[PDB]
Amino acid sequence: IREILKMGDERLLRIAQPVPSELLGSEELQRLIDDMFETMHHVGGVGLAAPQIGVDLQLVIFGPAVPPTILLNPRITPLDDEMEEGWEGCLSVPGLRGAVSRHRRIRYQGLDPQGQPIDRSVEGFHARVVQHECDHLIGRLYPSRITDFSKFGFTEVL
């Protein structure tokens, strides 16, 4: 159970480095992956990005069902311009929720932990989780994507 970094920490604002091919299939990576699974489970997240536990790598884990997925070096492509508002919380932003507008429909690509391509087109909540998780790899937390501040508040008030 590694510590979740909280908003204010410089390490959540870094652009993350790509997982070098050398780590693919490795004991080092598998250990990092299990560390993130324990931590994500101990605090009840549906997602977690390696920079939230201070690990500077393009690696997210996630999974209204979404499959358990370990996604490395991702790239997102919107499939159209349709956008959609939904509630987001973040473990690095305890006590708060915002409404955020994201692409309704995305393709995502990257590598599984063995080096095998991932390639998926998804919609709705599955597309939201992935966009949320990949924003952490470019140093972005949801309050920086809010355009309607009437919907930003403390979870106990909203």
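All residue numbers refer to positions in the sequence shown, first residue = 1.
Counting the unmodelled positions of the deposited sequence between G63 and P64 gives a long gap of 10 or more residues.
Taking the mean C-alpha B-factor of each stretch as recorded, 18 to 26 and 137 to 145 are not equal, and the higher mean is that of 18 to 26. Stretch comparison (37 to 45 versus 96 to 104) by mean CA B-factor in the PDB entry places 37 to 45 on top. Listed residues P51, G124, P67, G110 were ranked by CA B-factor as deposited; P67 comes out on top.
The PDB entry assigns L57 a C-alpha temperature factor belonging to the lowest third of its chain's modelled residues. In the PDB entry, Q114 places in the highest third of its chain by CA B-factor.
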